[PDB]
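Take a look at this single chain, the form deposited without the ligand, given in structure tokens.
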């Protein structure tokens, strides 16, 4: 014993189990597909009829980013777009929304590169986690076109 590893499955599982969001049986149903595909079990769970948002919500605590509810109730500032352009936004899956607490709130549905972006920016920025569904609609609100 005391010789563990824990893969991406464990990372989702432990988190869900911490709050008791899903049950062992639901995890096992998805685990069988992961054994044949090797893909991220999170999608497998969602494909069994589970909510997609619950995957993003877990990813938020596992990376230490606050999860975002939706984007319909947001007003992206013009000043926010001066640090993150629409070109850079799609390159890193990030969209700024405004200056808050002396930092700039940036919403990302793919924070996999959050730490890379933090270094590249080399300026005080804040990062949140949202679904790609809300992100696509917000990207157009922050970067509109006449």
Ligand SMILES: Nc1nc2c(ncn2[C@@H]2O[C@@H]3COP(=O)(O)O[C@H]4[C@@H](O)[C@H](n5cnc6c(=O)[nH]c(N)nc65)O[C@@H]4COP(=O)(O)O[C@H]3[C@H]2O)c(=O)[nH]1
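Positions refer to the first chain, counted from 1.
The form deposited with the ligand bound exists for this protein as well; it is not shown, and the discussion that follows is about that form.
- Site status: blocked, since the ligand, placed by superposing the C-alphas around its site in the deposited bound form, has 3 or more atoms within 2.4 Å of backbone or C-beta atoms.
- Using a 4.5 angstroms threshold between heavy atoms, residue 93 stays clear of the ligand in the deposited bound form.
- At the 4.5 Å threshold, heavy atoms of residue 62 reach the ligand in the deposited bound form.
- Contact check for residue 136: every heavy atom lies farther than 4.5 Å from the ligand in the deposited bound form.
- Put simply, residue 112 is close to the ligand in the deposited bound form: some heavy atom of it is within 4.5 Å.
- Shown alone, this chain has one stretch from 85 to 93, 64 to 72, 51 to 59, 115 to 123 that lies within 4.5 Å of the ligand in the deposited bound form by heavy atoms: 51 to 59.
- Applying a 4.5 Å heavy atom cutoff to the ligand in the deposited bound form picks out 27, 31, 34, 39, 40, 41, 42, 43 from 17 to 51, in order along the sequence.
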